[PDB]
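A.B. asks: Here it is, the structure in full.
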Amino acid sequence: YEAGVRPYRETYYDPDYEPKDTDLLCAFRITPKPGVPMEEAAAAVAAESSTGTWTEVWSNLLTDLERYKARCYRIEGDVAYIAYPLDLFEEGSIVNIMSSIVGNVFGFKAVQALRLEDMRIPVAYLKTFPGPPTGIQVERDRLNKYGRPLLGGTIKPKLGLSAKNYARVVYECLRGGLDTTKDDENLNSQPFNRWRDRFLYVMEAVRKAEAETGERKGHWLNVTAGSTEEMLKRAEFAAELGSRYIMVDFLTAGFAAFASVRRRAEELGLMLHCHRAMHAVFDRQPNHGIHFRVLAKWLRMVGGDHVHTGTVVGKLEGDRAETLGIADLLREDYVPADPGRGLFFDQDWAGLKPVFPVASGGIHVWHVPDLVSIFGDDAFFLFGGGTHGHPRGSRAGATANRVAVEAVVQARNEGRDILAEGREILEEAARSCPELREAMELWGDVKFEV
Amino acid sequence: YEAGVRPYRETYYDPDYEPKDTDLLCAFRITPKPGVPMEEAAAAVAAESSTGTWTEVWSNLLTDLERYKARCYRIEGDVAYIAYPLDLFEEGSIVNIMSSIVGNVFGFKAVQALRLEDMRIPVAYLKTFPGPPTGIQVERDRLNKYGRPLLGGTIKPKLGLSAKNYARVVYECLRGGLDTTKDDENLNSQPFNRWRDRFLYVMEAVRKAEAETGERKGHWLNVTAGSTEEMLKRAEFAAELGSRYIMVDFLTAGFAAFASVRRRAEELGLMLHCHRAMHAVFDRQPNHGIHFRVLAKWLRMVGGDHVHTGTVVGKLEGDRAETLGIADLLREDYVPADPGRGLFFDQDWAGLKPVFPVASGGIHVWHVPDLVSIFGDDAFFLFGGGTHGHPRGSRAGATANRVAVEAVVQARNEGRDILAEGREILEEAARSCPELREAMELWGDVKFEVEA
Amino acid sequence: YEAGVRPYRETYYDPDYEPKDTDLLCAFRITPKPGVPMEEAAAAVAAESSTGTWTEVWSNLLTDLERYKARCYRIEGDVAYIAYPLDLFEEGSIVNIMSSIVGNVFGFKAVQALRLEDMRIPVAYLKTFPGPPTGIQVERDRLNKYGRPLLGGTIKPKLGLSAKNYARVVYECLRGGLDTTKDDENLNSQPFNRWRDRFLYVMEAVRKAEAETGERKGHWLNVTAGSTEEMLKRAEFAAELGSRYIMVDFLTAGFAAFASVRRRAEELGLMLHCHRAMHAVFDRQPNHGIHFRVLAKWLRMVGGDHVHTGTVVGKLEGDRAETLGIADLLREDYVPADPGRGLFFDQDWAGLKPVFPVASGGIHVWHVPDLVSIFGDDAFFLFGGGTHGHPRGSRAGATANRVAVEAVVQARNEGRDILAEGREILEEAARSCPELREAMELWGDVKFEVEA
Amino acid sequence: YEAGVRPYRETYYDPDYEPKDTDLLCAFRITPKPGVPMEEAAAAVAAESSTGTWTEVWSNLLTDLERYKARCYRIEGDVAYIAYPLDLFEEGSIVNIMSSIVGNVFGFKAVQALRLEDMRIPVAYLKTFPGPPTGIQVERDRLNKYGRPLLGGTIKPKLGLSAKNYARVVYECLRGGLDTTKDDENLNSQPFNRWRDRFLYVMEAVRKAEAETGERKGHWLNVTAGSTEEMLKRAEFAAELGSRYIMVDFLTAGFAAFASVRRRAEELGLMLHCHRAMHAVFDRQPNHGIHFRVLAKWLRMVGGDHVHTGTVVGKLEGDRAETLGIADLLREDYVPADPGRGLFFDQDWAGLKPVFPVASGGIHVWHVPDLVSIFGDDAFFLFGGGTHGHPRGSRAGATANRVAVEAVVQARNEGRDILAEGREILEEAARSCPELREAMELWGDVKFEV
Amino acid sequence: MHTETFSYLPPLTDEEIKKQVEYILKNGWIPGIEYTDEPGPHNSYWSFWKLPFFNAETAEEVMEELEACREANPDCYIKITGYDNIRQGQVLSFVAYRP
Ligand SMILES: O=C(O)[C@@](O)(COP(=O)(O)O)[C@H](O)[C@H](O)COP(=O)(O)O
Ligand SMILES: O=C(O)[C@@](O)(COP(=O)(O)O)[C@H](O)[C@H](O)COP(=O)(O)O
Ligand SMILES: O=C(O)[C@@](O)(COP(=O)(O)O)[C@H](O)[C@H](O)COP(=O)(O)O
Ligand SMILES: O=C(O)[C@@](O)(COP(=O)(O)O)[C@H](O)[C@H](O)COP(=O)(O)O
Ligand SMILES: [Mg+2]
Ligand SMILES: [Mg+2]
Ligand SMILES: [Mg+2]
Ligand SMILES: [Mg+2]
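Chains as they are written, first to last, in our numbering: chain A, 3 to 452; chain B, 5 to 456; chain C, 5 to 456; chain D, 3 to 452; chain E, 3 to 101.
As structure tokens, this is what we get:
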């Protein structure tokens, strides 16, 4: 056989290739090492993410690489489109997808920066995944809540609160009008607050607020832990206590243990809130990493009932146009490509249940008009500081946020332009709600750059 | 109480703070949003990775934030030093470390770019972790191999080979002189090659090569799978077949499932090869992300018996100075700081077992003198393409690499300068090994650029 | 090598050694055999509790004994200070501590008497232990009780009562004002009173008294049994019945089984009362044994929510100064040394939860002012005989003790001197509580000798 | 009813009481507080170890204390004899025995020192216990070893040896003639030597030494750990490896977890070596604690296959006369009282299997005549330092100790006085064994006081 | 129905209540007021009267808040609480008013 190094382009670049509906497609934005042309850079990504390596091997002749190789089939500027045959991937495993698509190709000398912008998951591969264990429709039916965004909020301080104090804040928030509350992503089990203590007291608070308000309540109990076994143990205790919800940091815990908990959540009847902690480590910069829209697709495939999508207007970064596309990717049955929103491919969702977007981080009452305009009804708006930072505390703060959302929803439904009239609508509602007025006055000057 | 928004620095910037020996310390390279002072951006990172949020909350007064808050205690250039009290972390949980230290702070509008360079793990926290299930010393004792780097290689093509063909390549490699072989990181269970089929045939090849050579062999069977339960099932089957090894992609599987596999590997008596697939998604760029030396620390804490570290001279990026620091962090009992290698803190390893560095990716016989000089004996050198790409196949390629390593080790031990005499040492050995001569002739012009 | 016997001091006495913050330190009070120098006896203890034996062995040279050996680093009077490297101990295992530190060295002919006075547990080792499953703060939050010592009492006669009679006494005590009641340490399961029968009826009495008083109640159901499996079975049944508490004799059951029960108590949501039965077999004599302050440290490390500490003024021995030190060791985050209280080292508790002191044994209403002065609010006062021995029975006795505690707490909070005005405070409360007056009249002449 | 404090003596001292064969009897040596007479001190021990407390309680009248009370029935000098009714104790539980007999009575102000010298366990209570899981006879049948003491030795250094080095020393000892080797009592699982590593390598050494010598071998693998579950896990791995033996520190681990492992040992077919670590903390001093003969009885009841009994002549303290009595208590079916040996009661053993005495600690070849004279054939003699401290190492040292035992056994069986001729016998054997000669020369001047 | 600490003593007067508030403030703890119409073992979360008085300086400011809570909720049990954020738990809780 013909030993020696060959160009990646020879086998792994094929501009005549026509993608199949069963192919997995990737849009990579490539920054080649100086002097490396886009075609060889793209071919290297395709080869080293599928079947090839740096020199020709005699064992290539034992198989048919034409059937299994990935192929770059199109290049537009610094964006390369690569097609991967369906047979390359393990059914039902996001872990396997990442092991191929983002396994080694981000660290090659020949490609100095690489960003996975989008991915077309073929229906035939989607069907190997179960999707969310509950889904928006079934979740709204379990909550008996229709016609408005749902209210939530992270308990603060992030860390340092004892179990009983933690449940007091929960109680105040929920009895004041929030639908849910949640553990901070980094609140697991620690010397100042052990998880069994927190789970017990918090669920007393949840049941009490539910009896007193007549509305169904929940707290997103964080099961995130150091091992899958421990996470499953914490999920079992949540169910034993009758919690409607648990919560997992799906990126820090990891997709394999995420998959384990999602299975257990469906078996136990638990709804699954998913926090995207760590995502900004690699989805922020435009030259390198993985765009959040790709993460969002993987999240819906494994099965999360909600996932954070950003706020655009809050303290953490987020683009409005890209966020509109991500919300569609999470909630719709079919999402056509749209260059204006960074959607490189049409995405059929093959009947997988939809996921709640969750907008959280540095938002207060003045943002509600923007938030309702961006996400519509099928979303959670979380107010942590925006609830407990109310001049009169968490109960008054919860009422202010619930009133604000309902007033803006009402105005929108009557035909008013809630962006043009946003302040006016809040002022109208504030005349009948002193808690809302005080929140408006406290944070009126607190703005973040968009 | 006093409601309203305050600058983060009023509570979370404290340059008078003296770090305690139990504090967890971080060195963040910060690029603030234009107009945001460095002190405020560093305070934001400190606040939002420990106790604070964007506005004052009444419930802060229910606890003692002087005890629990993280503090930026030093800003030097564009590096912020931040100290985290021990009580903030869940014992034995890398997952918890990540959820605080890198959970949200990389996406704040106030901070345009953020890169975690290093982390001082306090001894008192390290003792809550079990470390490698085997460790370099026990592993060498299991293999009965002493005094040289160990040889391995990834089976190729990455995907597309049947289980029986896969086993045939393994047999040829191991009977030719490689100590080990391995599944590619992305080979798990797929239509063309299902994991039970591969495990069964491969272990026949391992036992056969072991009996024929007289040397103990192993194959790193990849148990990486879509759920923790499936991975444990594959590890159980590997142990039932008598494999000395399994393999896990610890970052793509994730740390929580990694911890589960590490526990079961110890229970079953399996040594655990860890592939760092996905690491470059986090650690490539110097302005934003997590440097690999942090991930390597977490890897040694959870417990991996080997992890890839880079080759420096191969096809994947890796700076010599940083690679040398990473090797020390994996193998030594105590590593002093050296910002020249990116080590901003000293690291005491509190008696945890050491981890084998693994050098893999685009290397061949001509690189052996450099590799031995960089890593010394306690490392694995992996030749995938550099074995099966030999003109006469995998058996011949395997012998060439084994001979190259041994000849360089012999020369070093005699006192020769294996860098100045690298070429001549290889040529001398090639006189008694035609397999080596053909390898040297085939790849003599194959080079990658290097950075000190 | 050099075979033959060498004096222990040549290798294990090193007064130049500086203890590390990770070393485990011991303070041994040594009485050498006449003719054996103090240095040699202390070296023998150091040697035979770490690495050495009675003659030189070739295998010593296979390891680095400079790293692993214990060292006597200071001899002051008849106290030998010995430092043990962290690597010598198994993480999270009190059993391992005992097997080294008190395993064999108390029976050497060279040492006529040996008493372990104190032990400095290093923070890095403490973090390998889970500590109490509940802790004082969470326990008060579970009980919804704040601002006073809590009331309890042992059901009497110790043995011989049927399960239904047992439950009747519990009902009368709890409905009369006691927060808790308890099985005697030696009541487990016996022909006259089998544990399932007792558990069932007692919990009926607990629920009834709770509903009638409006105050949360508990009974410390003793799960102490002949095997670990049996103890876990009894804890499971207590949890199935809704008990807030179980009880274990942690020294007679032993630390390994104690650890198993502590883990299950947390899993089941049970608070864990720990009785120190057998402690005086080890800790009574000042020339030989283990002082209770060492056992109390181990108890807080494994995880007990309460442990008995002595009363000082009651029927069982307990010195005031030593009792005060023990209480601090159980409840505080950091305890400085004070040899006047037998604390030879400082003790950092590394954020472990605190433990309730429990004062029990031969006490009655007249002791309440002293008990409140000694312990403050965070303690349990147990009146067994002092409740059921009231002239009108257990309900009346219970009310007398509850009233006595509350009146002394009220007086203290107002600024009165509860030691100088102890008698007058009790007499004042007795004017509004006939139960107290009858208790004071019955036992006014019942006193035990006290030692400061 | 008659409330108030009464003397303990009134109810709990009964010098006319005649003990029943079903009573549990205790011999306590009491040091009363000055001015407290022996009768009230003894009555206090009896009362506070059975049914009574410090003041009269109304609930005493709900039961018949005459049936349940313990009673001091005899006082001789400073020794009080107390009888406890059978109904007071939980069947099969040493833990319950200790909780009553030694629970609180050692810490009363009224009794300044207290020593439990002996205990008569009635047959009727013995039958609630299973005794050793193997026993001397069945153990000798499993080993196929008859007619001599068995040889052993602790691996040294106590701590600090890696797993593979540990197994090398084991291999050298066993192939040189030792029947067994053992983990040090404080060797469990530690950073320098983790238990799974040690168990694997050691059993390779055991199987190799067994094949090479043709004699059955064993290593006493220490399962002692921080929890019962972990100890049981280590016992299961020992069995999986085919070990004939495991080892437990029964006092430091504790009797409850001891009972758990003994049950598991019988189920798994494992023989159970028992180390008495911690015993000297409370069995050494003549004025306070628990005599080892009592501990030895409890050990045989729960079920240990061997237990250390001391050497008398070695580095740790031990009395010859008392040790002869303890050996009988562990090995015989019936043991009559003997004041010369400190045996206060006759002890019937109700058919419970016998236990191997184990003599260990600071002994070398010169002690073998004394050791054979004290214990006879049914015992283990352990040589740790006395094996690895041989000038030529562990193999030569093992051969020397095995030869010494066999030569002394042979001489005894031929009718020679092995005490009077001890040196002469060793010198005869040394003429055909250079290893023995070198051991004799090295340690000839190493003597401990008796 | 008893109400835990001090419920076995005669009901406290205004002066006695104030002396307990002074005890709380003297030791640097935070006074607070809670109330409910559903006392009992099942209720671990009484209604807050405002927030804990972190800014309180005198016992008289606390007694004033107790009277305003009583006026607005005369049908409720009302208790005084003292809070320590170092130990992070209540250091005293007693009922000051009963309906
Ligand atoms: O930890 C925090 O900051 C939060 O609890 C917000 O607290 P506030 O509600 O007090 O801002 C959320 O976890 C972030 O919004 C997550 O960011 P994203 O939603 O972008 O993943
Ligand atoms: O997939 C590959 O490319 C390899 O199998 C190398 O194959 P060759 O031996 O044929 O190059 C290894 O996974 C990489 O070296 C990993 O990169 P790192 O070691 O940097 O994690
Ligand atoms: O058995 C007993 O004597 C008790 O029930 C006390 O009963 P009274 O309340 O009737 O005296 C307790 O177990 C002892 O106080 C324990 O001693 P310590 O607390 O010193 O461990
Ligand atoms: O740790 C030790 O000292 C030993 O290993 C002896 O080592 P050498 O054989 O080197 O002396 C044994 O555990 C003791 O004999 C136990 O004492 P006892 O048998 O009296 O319980
Ligand atoms: Mg958060
Ligand atoms: Mg690979
Ligand atoms: Mg008792
Ligand atoms: Mg020993």
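Each residue gets a CB set at the ideal place from its N, CA and C atoms; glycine is no exception.
Since C:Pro23 and C:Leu29 are thought to touch, with beta carbons under 8 Å apart, how far apart are those beta carbons, to the nearest angstrom?
C.D. replies: Your numbering for residue 23 of chain C matches position 19 in the third sequence. Your numbering for residue 29 of chain C matches position 25 in the third sequence. Separation of the CB atoms of C:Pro23 and C:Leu29 is rounded to 6 Å, and the pair is thereby assigned contact status at 8 Å.
A.B. asks: Along chain D, which residues have their Cβ under 8 Å away from the Cβ of C:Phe93?
C.D. replies: Taking the first residue of the third sequence as position 1, residue 93 of chain C is located at position 89. Those are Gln192, listed as they occur along chain D.
A.B. asks: At the level of alpha carbons, what is the spacing between D:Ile365 and D:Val448?
C.D. replies: Position 363 of the fourth sequence, counting from 1, holds the residue named residue 365 of chain D. Position 446 of the fourth sequence, counting from 1, holds the residue named residue 448 of chain D. Their backbone Cα atoms lie some 9 Å apart in a straight line.
A.B. asks: Between A:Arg198 and chain C, is any beta-carbon pair separated by less than 9 Å?
C.D. replies: Working through the first sequence from its first residue, we reach residue 198 of chain A at position 196. Output row for A:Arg198: interface = yes.
A.B. asks: Hey, does D:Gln139 have any beta-carbon neighbour from chain C nearer than 9 Å?
C.D. replies: The residue labelled residue 139 of chain D in the question sits at position 137 within the fourth sequence. Chain C, which has no Cβ nearer than 9 Å to the Cβ of D:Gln139, makes this no.
A.B. asks: Would the segment 267 to 287 of chain A count as touching the segment 268 to 281 of chain B if we require 3 or more Cβ pairs under 8 Å?
C.D. replies: no
A.B. asks: Closer than 9 Å, Cβ to Cβ, to anything on chain E: give me those residues from the segment 16 to 29 of chain A, in chain order.
C.D. replies: none
A.B. asks: What are the partner residues of C:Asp201, as DSSP defines its beta bridges?
C.D. replies: Taking the first residue of the third sequence as 1, we reach residue 201 of chain C at position 197. C:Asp201 pairs with nothing; no bridge assigned.
A.B. asks: What in chain A is Cβ-close to E:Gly91, meaning under 8 Å?
C.D. replies: As a working mapping, residue 91 of chain E is identified with position 89 in the fifth sequence. Per Cβ cutoff of 8 Å: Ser164, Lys166.
A.B. asks: Shorter than 8 Å, the distance from the beta carbon of A:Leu384 to the closest heavy atom of ligand 1, or not?
C.D. replies: Walking along the first sequence from the start, residue 384 of chain A turns up at place 382. A:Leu384 Cβ: within cutoff of ligand 1.
A.B. asks: Is the beta carbon of D:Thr156 within less than 8 Å of some heavy atom of ligand 8?
C.D. replies: To locate residue 156 of chain D, count along the fourth sequence from 1; it is residue 154. Yes.
A.B. asks: Which residues in chain A sit within 7 Å of B:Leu163, going by Cβ to Cβ distance?
C.D. replies: Position 159 of the second sequence holds residue 163 of chain B. Residues of chain A passing the Cβ test: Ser52, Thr53, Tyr70, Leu90.
A.B. asks: Would you verify that the beta carbon of E:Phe96 is, or is not, closer than 9 Å to some beta carbon of chain B?
C.D. replies: In the fifth sequence, the residue the question calls residue 96 of chain E occupies position 94. It does not: the Cβ of E:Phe96 has no partner Cβ on chain B nearer than 9 Å.
A.B. asks: Starting from A:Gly154, trace the beta strand (DSSP E) in both directions and tell me its first and last residue.
C.D. replies: If you number the first sequence from 1, residue 154 of chain A lands on position 152. Start and end: 152 to 154.
A.B. asks: Do you know how far the Cα of C:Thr59 is from the Cα of C:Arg10?
C.D. replies: Against the third sequence, residue 10 of chain C aligns to sequence position 6. Against the third sequence, residue 59 of chain C aligns to sequence position 55. For C:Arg10 and C:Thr59, the distance between alpha carbons rounds to 7 Å.
A.B. asks: Are the C-beta atoms of D:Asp251 and some chain C residue less than 9 Å apart?
C.D. replies: Sequence index remark: in the fourth sequence, residue 251 of chain D carries index 249 (1-based). Between D:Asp251 and chain C, the shortest Cβ-Cβ separation is below 9 Å.
A.B. asks: Are the segment 175 to 192 of chain A and the segment 92 to 112 of chain B touching by the rule of at least three beta carbon pairs closer than 8 Å?
C.D. replies: Using a C-beta cut-off of 8 Å, the segment 175 to 192 of chain A makes contact with the segment 92 to 112 of chain B, since at least three inter-stretch Cβ pairs fall below that distance.
A.B. asks: Going by Cα to Cα distance, which pick from C:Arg267, C:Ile140, C:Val252 is closest to C:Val227?
C.D. replies: Locating residue 227 of chain C in the third sequence gives position 223, where the first residue counts as 1. Among C:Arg267, C:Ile140, C:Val252, the Cα nearest to that of C:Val227 is on C:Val252.
A.B. asks: Given a threshold of 16 other Cβ atoms within 10 Å of its Cβ, counted over all protein chains shown, does residue 463 of chain B qualify as buried or as exposed?
C.D. replies: With chain B covering only 5 through 456, there is no way to say anything about residue 463 of chain B.
A.B. asks: Which of helix, strand or coil does DSSP assign to residue 459 of chain D?
C.D. replies: Residue coverage of chain D in this structure runs from 3 to 452, which leaves residue 459 of chain D outside it and unanswerable.
A.B. asks: Relative to the C-alpha of D:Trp60, which residue among C:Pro137, C:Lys160, C:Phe93, C:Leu130 is closest?
C.D. replies: Position 58 of the fourth sequence holds residue 60 of chain D. Closest option to D:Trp60, Cα to Cα, is C:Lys160.
A.B. asks: Using the three-state DSSP reduction, which class does D:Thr33 fall into: helix, strand or coil?
C.D. replies: For the purposes of this step, residue 33 of chain D is taken as residue 31 along the fourth sequence, with counting starting at 1. D:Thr33: strand per DSSP, three-state reduction.
A.B. asks: Which bits of chain E does B:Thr67 rub up against, with CB to CB less than 7 Å?
C.D. replies: Position 63 of the second sequence, counted from the start, is the residue given in the question as residue 67 of chain B. Near B:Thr67 (Cβ distances below 7 Å), the residues of chain E are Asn87, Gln90.
A.B. asks: Could you pull the DSSP bridge partners for E:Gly84 from this structure?
C.D. replies: Mapped onto the fifth sequence, residue 84 of chain E falls at position 82. In DSSP, E:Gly84 forms a bridge with E:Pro33, E:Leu94.
A.B. asks: Does the beta carbon of E:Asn57 sit closer than 9 Å to a beta carbon anywhere in chain B?
C.D. replies: In the fifth sequence, counting from the first residue as 1, residue 57 of chain E sits at position 55. Chain B, which has a Cβ nearer than 9 Å to the Cβ of E:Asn57, makes this yes.
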